[PDB]
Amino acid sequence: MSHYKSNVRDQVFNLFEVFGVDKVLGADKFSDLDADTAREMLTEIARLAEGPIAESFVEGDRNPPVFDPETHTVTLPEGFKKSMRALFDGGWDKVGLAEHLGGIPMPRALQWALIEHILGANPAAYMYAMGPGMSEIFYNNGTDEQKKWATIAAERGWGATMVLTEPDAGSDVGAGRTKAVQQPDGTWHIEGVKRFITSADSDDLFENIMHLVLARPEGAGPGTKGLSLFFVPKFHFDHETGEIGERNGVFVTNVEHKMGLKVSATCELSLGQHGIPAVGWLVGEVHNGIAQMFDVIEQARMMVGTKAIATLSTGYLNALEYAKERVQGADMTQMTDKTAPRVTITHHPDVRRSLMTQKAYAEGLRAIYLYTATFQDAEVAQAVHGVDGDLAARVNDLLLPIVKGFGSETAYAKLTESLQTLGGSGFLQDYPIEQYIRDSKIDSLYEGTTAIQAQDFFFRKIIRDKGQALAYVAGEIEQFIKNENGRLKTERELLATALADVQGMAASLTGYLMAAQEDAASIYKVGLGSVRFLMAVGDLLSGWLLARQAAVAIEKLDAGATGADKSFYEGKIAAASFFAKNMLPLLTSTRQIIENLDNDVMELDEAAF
């Protein structure tokens, strides 16, 4: 078997027993897709992920890509290219792509449940396959002429990149200095150096790459508002037929040596510096780059959060299988009897504590991203939540920093428990967990650091939104708390305390921000507390959704579930209760810490660190 251990059963439970995404299946935009077909698609990609995609997971890390300075190209290991061909040959790079581009219409919740498997098995494979989806974004923002090129790009399976970051412009995107110079023929010459560009070359996987490049037109003003977005293809091509023509002046100059995710080629990218111009076309023929890059942003944040949970999930299931088989020590009830039978380590309290921590966070994160995705289709949000399109969009916007920020921080931290369950063997490359950890560290950095996520969440998704999306979610949690089984009373009580705790954090932080008008330095306490607040909201949402799942599991058990279903439902009840009693209470101390924040660390001389 491969390293990759999937959990289709938990995805189906979320999609169909908890959130009810099957209500929209078979009607209107999803007329061509029934629930049975959705279930079969999930089983099928899970098998693909466990087979040919996971097949090259180890090889891509042990035999990583090599930059060739003689040609300014990257060479990828042959086994990974075999995996990519399996993904393309099955049409999986076109799941959730618009029908007019050749895609299969489906709810975003189903789409991300399918992508979870590729991210768990070999996450760089999904990254290299994000071309069609970026072509769709270019389609939606382009002129009528540009839509014709985007159609070509989608149908020919070109690769794509998102090209923002520069040596001195990473978190501060508005500081970019890459330049765009308008030409007499209405094209632009793009000039500058970009850094950390994922998939900037990809060997012979594709016949072209579409680079979407942020750059500052000559004479444009400063900051984010002065940035425009350009379509910059690796090769010139015939704008009617798609025939590949002459090389365009956009070249990789290095491939980074990274801790993990090694088979994803992460490149320094030079535009206009190797003898020929980097010709670009202004997207939509309008100057609106950051706003056009928005749906790319949102996609990248969902991808990172799904990746984090995908990897935690397979890390947990690998640890669990190991623990079931490993014999070590006597039962703690027999510590004093040195004739006692040896037991499998799932009999040890600390190991069960570790495994339940891993399980609860893995399942809680899965529920979070699928919950989030039910707000990404107007149809689904109306059907499953009764929410209209504007509020659904604002709730999605609120949740994405949680999916990304909380997910990225939690998965890496809980994989520590996964490795620990194997004992010394977890430190070995023979088992996949050490690579999961290395591959997962990037999650807190890619598409904006955790602190940027947490600042965006508070300043933009709460304060600027005047709290409307947050109020909606809080009201859903309160409705669950106030609904009247007795087997979930203590969970509901712990959730009520956690809800009050997060509300108190929000109010303290909001006070610090509003007081900044009188005392400017007050705002620093918002920065000091932002990440802890984001993580507290993640824990609340986790606990609430686990409890919701436990409520469905109780109904299903009372209705007579048996066998492997019964075991699944009992595990949901156990994980919800464990999380409520062991993770949620810590938010009370965090609330008090945030209520007691001060400016001393800001006033300290830098020379004192």
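One-based numbering along the sequence shown.
Unmodelled residues of the deposited sequence between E484 and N485: 1 to 3. Annotation for 424-432 versus 368-376: the higher mean temperature factor (C-alpha) is found in 368-376. Remark: stretch with higher mean C-alpha B factor among 47-55 and 545-553 is 545-553. Ranking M303, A291, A125, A360 by the C-alpha B-factor listed in the PDB entry places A291 at the top. Per the deposited record, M41 carries the highest C-alpha B-factor of all listed residues (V66, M583, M41, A574). Ranked within its chain, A169 lands in the middle third, by CA B factor from the PDB record. Ranked by C-alpha B-factor against the other modelled residues of its chain, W92 falls in the highest third. Ranked by C-alpha B-factor against the other modelled residues of its chain, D22 falls in the highest third.
Among the modelled residues of its chain, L415 has a C-alpha B-factor that falls in the lowest third, as given in the PDB entry. In this PDB entry, the Cα temperature factor of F459 sits in the middle third of its chain's modelled residues.
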